[PDB]
Amino acid sequence: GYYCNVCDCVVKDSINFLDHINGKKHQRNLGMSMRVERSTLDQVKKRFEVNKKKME
Amino acid sequence: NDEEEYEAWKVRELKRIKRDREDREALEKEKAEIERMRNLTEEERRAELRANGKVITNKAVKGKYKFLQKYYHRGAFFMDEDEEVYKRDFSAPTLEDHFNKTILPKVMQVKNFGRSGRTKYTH
Amino acid sequence: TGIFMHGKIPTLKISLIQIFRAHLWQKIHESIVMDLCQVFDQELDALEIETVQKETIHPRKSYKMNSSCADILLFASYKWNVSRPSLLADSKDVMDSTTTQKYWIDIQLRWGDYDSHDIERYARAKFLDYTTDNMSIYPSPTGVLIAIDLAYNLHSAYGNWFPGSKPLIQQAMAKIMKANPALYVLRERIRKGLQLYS
Amino acid sequence: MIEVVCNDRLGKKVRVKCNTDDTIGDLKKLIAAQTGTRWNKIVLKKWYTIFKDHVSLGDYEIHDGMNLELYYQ
Amino acid sequence: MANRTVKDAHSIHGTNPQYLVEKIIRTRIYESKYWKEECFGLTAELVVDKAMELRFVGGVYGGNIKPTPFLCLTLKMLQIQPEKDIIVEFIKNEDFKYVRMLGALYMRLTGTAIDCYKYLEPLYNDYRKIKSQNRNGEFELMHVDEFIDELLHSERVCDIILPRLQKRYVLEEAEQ
Amino acid sequence: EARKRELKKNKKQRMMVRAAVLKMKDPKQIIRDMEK
Amino acid sequence: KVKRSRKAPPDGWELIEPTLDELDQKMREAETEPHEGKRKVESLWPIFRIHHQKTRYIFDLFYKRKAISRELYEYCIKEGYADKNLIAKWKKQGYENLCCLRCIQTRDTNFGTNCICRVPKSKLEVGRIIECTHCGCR
RNA sequence: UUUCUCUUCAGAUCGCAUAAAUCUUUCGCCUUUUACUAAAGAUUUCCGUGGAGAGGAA
RNA sequence: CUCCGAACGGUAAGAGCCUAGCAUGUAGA
């Protein structure tokens, strides 16, 4: 079934595999991806560009 | 249907605005209704006026337990709703009250090896 | 495969797990799925059938009871009218319904007890549960959840009906419940563990 | 008329008196009236045989004393 | 990891930082199919992308507790705990709808009642349509005014329990 | 009444024996050593 | 903080309203203040500062300025706005100004029960550092 | 004059009423126990209370 | 003729893979 390349493991299920890389030890070794709260202008650009691309 | 949406936006705004003022005056209306009932209780009529309904949320239309039918408690947790599921007259045999419980030899409360209680309202 | 019980009861527990030595309900589900597939392959064009589409059910779709997957999927030909959901024994069938291109079947084994003699009851119950529950793999809206009472030899079914299906599937279940190989194995195991050599 | 035991091993051994041909929504109303929890939050199970809010009571054919593992949503 | 936002959080004084939702429904959100995707991390920006791509406003459905991506994304923004400026920007967004709906919802669950009124009052004029999933799975077309009316006036407009916002009379007697 | 306790003791002994049999020649003991 | 007293206020109550309610608003703001930033008990310093300000004001009005009547000097404490035992502590010659207990010796409490500013100005504040765990009365 | 501290003695219905537990006996039960039922005797625990030093605010 | 009860005696044991809310606050150079 599902098999990871960097994690070096295999999960025999779907939901059980989905709960693996989201906080894996090897996933942590790949890099710390702690959610850094972006600036207030970040949401501004995320709104403007998405209104210009998806809508426009 | 933009012309219809703005027409209903006021239909909802009127009801929502009506609920606010109707809630404020209710505190005075409740006090005023007590004042109206105050004078009504004072000098309306000596047992010559009711102006009432004796309204109750859920009428417990009970019956008569046969001989030892268990005292079933409806549970007083939700009665303001006045749900129709409550009005069912819980005066029926549930599991073992279908029997007569008089043809039995002397008495049988429970042979479950736990008869701590002793009472049958004889006195 | 052993359905369930209450209390501990090691005696009847070991007796029941001895009554099902190997993965036996899996064998029953496979056998009856193939029996229904053959009964459908007997009259394919007469029922506007397109092809037998036996679904890749899970390896324990027969033991699980919370969900209800499609045993076999039936492709009708075209403009396939449908009757309203009813019972196998009900003759006054309502032919007023939609028209579906797919049509699922789900065999559910019911190891009933004394308080579970009603096979049609549990049948329609599991049917409406699997239909309204938004958690089961469920391609087609029209289908049937034909059940079977193993511990009482009862049979029942209720669901979306085909044109000319009711008597067809009625005779098919009458001929499948009787003369079934795995059913005969069940009877043999029971009579061996019960000491009623007749 | 039927007596049901909405039971649990967590301080809730409740005895609701359900109707014969009644639904389960009213049964949940009674279970809330006797248990003390919101109506839509209650859940009834018997080894993951989740009884639903539209399937009737006589459909599963419950009878006097059939206890049901109570759980919350 | 789904414990805190990054390293610290100004704990909402009502119940807790993350446990403003019932623990049962929270644990259900975790054990969910949608929690697999987008839970790798969403601080400020990708939340905007994941928000506008789900045109539902609803809570739980199904016999089992089935959380919508609306509710799960509300919980995601709750764990993220953005600043008030972004929430005010979403509250004043007229083009996208459900972004503004989520801004209103989080402001209701995360914010003083004064600011709740101050930022939710001008949402009393949108007579537009809103899609919502009933408990039985079936959808319903509901007006936004009805939504905010159930939010402020009524309790648990969604599966979540609300933290007892004051009556308007006391604040009218004391403040604006 | 004591027959229940006797059967429980017998079942516990049988379970311990089965666990020891599965662990002694286990995949981590026998089959794992089969590669060595 | 005005809730109720089951009777009318005295005659000279209208003069007290603005300053008293300003201090009460300061107290309400400090009560619902955030915890982030207060190290361990830093949140509990300004509440004592506000209470000290309120007692200072009502005491200056009581008989220091001789403005408040005798009813207000007991009715303002009869209802909850200041501390009577605290003012009685102020009546002493040594107890000039200090908090409840933040730099006191071993009083009835194991830490102290005398005052925050109870330490001396000539010998306390070891070396250069002046502080107090309970009120920070340097 | 009013209160808070405390070592101290109570056979006053210490409290114009009223809680539990432990032990020993007697019933009802009883599938094992813990939860039990209703009568007697005793020992403690809790809500307390009364009368006498000394020490602290008005 | 309204006195209404709860827990234990209960869910076989298993080898391969995987994910996590919690906890120390120091001695010393």
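Chains as they are written, first to last, in the authors' numbering: chain N, 79 to 134; chain K, 271 to 393; chain A, 1558 to 1755; chain q, 1 to 73; chain I, 1 to 176; chain X, 24 to 59; chain Q, 3 to 140. Heads up, the beta-carbon is just placed ideally off N, CA and C, and yes, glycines get one too.
Note down, in chain order, every chain I residue with its Cβ under 9 Å from the Cβ of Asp1647(A).
Correct list: empty, because the minimum Cβ distance to chain I is about 27 Å.
For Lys371(K) versus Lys336(K), is the C-beta distance shorter than 8 Å?
Result yes, Cβ atoms of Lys371(K) and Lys336(K) sit closer than 8 Å.
Could you tell me whether any Cβ in chain A is nearer than 8 Å to the Cβ of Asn64(I)?
For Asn64(I), the answer is yes, since a Cβ of chain A falls inside 8 Å of its Cβ.
Just to confirm, are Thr43(I) and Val84(N) a CB contact at a threshold of 8 Å?
Going by C-beta atoms, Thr43(I) is not nearer than 8 Å to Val84(N).
Could you check if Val60(I) is buried or exposed, using at least 16 other CB atoms within 10 Å of its CB as the buried criterion?
With 16 or more other Cβ atoms within 10 Å, it is buried.
Using 8 Å for Cβ pairs, my map puts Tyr124(I) next to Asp145(I). What's the rounded Cβ distance?
Contact flag correct, Cβ pair sits at about 6 Å.
For chain A, is any of its Cβ atoms less than 8 Å away from the one on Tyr61(I)?
Yes - at least one Cβ of chain A is within 8 Å of the one on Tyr61(I).
Which term fits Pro1696(A), buried or exposed, when burial requires 16 or more other beta carbons within 10 angstroms of its beta carbon?
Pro1696(A) should be labelled exposed.
Could you give the residue range of the alpha helix (DSSP H) that holds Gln121(N)?
Counting along the chain, the alpha helix (DSSP H) containing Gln121(N) begins and ends at 118 to 128.
Does DSSP classify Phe1719(A) as helix, strand or coil?
Correct three-state label for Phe1719(A): coil.
Please list the partners that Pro36(Q) has in chain I, where partner means a Cβ-to-Cβ separation under 8 Å.
Correct list: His10.
State the Cα-Cα distance for the pair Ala1680(A) and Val1701(A), rounded to the nearest angstrom.
Roughly 9 Å between the two C-alpha positions.
Mind checking residue 78(q): buried by the 16 CB within 10 Å criterion, or exposed?
Within the shown structure, residues of chain q are numbered from 1 to 73, placing residue 78(q) beyond reach of any answer.
Going along chain I, which residues have a C-beta under 9 Å from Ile50(q)?
Neighbours of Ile50(q) on chain I, chain order: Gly63, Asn64.
If we count Cβ pairs, one from each stretch, closer than 8 Å, do we get three or more for the segment 84 to 91 of chain Q versus the segment 49 to 58 of chain Q?
Yes, the segment 84 to 91 of chain Q touches the segment 49 to 58 of chain Q.
Quick check on DSSP: helix, strand or coil for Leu10(q)?
Coil at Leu10(q), not helix or strand.
Taking Cβ-Cβ distances below 7 Å as the criterion, which residues of the segment 99 to 124 of chain N are in contact with chain I?
Listed in sequence order: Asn100, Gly101, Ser111, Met112, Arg113, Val114, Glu115, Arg116, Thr118, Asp120, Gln121, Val122, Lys124.
If you follow the beta strand (DSSP E) that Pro1642(A) is in, where does it begin and where does it stop?
Unbroken beta strand (DSSP E) run through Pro1642(A): 1640 to 1644.
Could you spell out where the alpha helix (DSSP H) holding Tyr98(I) opens and where it closes?
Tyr98(I) -> alpha helix (DSSP H) spans 98 to 109.
How is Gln1752(A) classed by DSSP in three states: helix, strand or coil?
Coil.
If we define contact as Cβ-Cβ less than 8 Å, is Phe56(I) a contact residue for chain N?
Cβ-Cβ to chain N under 8 Å: no for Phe56(I).
So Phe139(I) is in the beta strand (DSSP E); what residue range does that whole segment cover?
Residues 139 to 143.
From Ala32(q) to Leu1725(A), what distance separates their C-alpha atoms?
Answer to the nearest angstrom: the Cα atoms are 47 Å apart.
What are the residues in the segment 326 to 342 of chain K lying within 9 Å of chain q by C-beta distance?
Flagged, chain order: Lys340, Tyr342.
How many angstroms separate the CA atom of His1586(A) from the CA atom of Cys1594(A)?
Cα to Cα, the separation comes out at about 12 Å.
Relative to chain N, which residues along the segment 31 to 56 of chain I have a C-beta separation below 7 Å, given in chain order?
Taking 7 Å as the Cβ-Cβ cut-off against chain N, the residues of the segment 31 to 56 of chain I that qualify are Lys33, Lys36, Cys39, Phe40, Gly41, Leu42, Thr43, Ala44, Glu45, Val48, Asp49, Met52.
Alpha carbon to alpha carbon, how far is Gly114(Q) from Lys91(Q)?
Rounded to whole angstroms, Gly114(Q) to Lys91(Q) spans 15 Å at the Cα level.
Using the beta-carbon of each residue, which ones in chain I are nearer than 7 Å to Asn40(q)?
Simply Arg135.
Give the residues of chain K in contact with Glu173(I), contact being defined as C-beta atoms less than 9 Å apart.
The premise fails here: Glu173(I) is roughly 11 Å from chain K at the closest Cβ pair, so nothing lies under 9 Å.
In chain order, what residues of the same chain lie with their CB nearer than 7 Å to the CB of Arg15(q), ignoring the 5 residues before and after it?
Correct list, in chain order: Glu3, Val5.
Could you list which residues in chain K have their beta carbon closer than 8 Å to that of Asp95(I), in chain order?
What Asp95(I) touches in chain K: nothing, since even the nearest Cβ is about 17 Å away.
Spell out whether any CB of chain I is found under 8 Å from the CB atom of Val128(N).
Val128(N) counts as touching chain I.
On the DSSP letters alone, give me the boundaries of the alpha helix (DSSP H) that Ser1588(A) sits inside.
Note, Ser1588(A): alpha helix (DSSP H), 1581 to 1599.
How many angstroms separate the CA atom of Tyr342(K) from the CA atom of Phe360(K)?
About 7 Å.
Under 9 Å, CB to CB, which of the residues in the segment 140 to 155 of chain I have a partner in chain K?
Residues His143, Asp145, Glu146, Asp149, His153.
Which bits of chain I does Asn1717(A) rub up against, with CB to CB less than 9 Å?
The contacting residues do not exist; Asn1717(A) stays about 19 Å from chain I at best.
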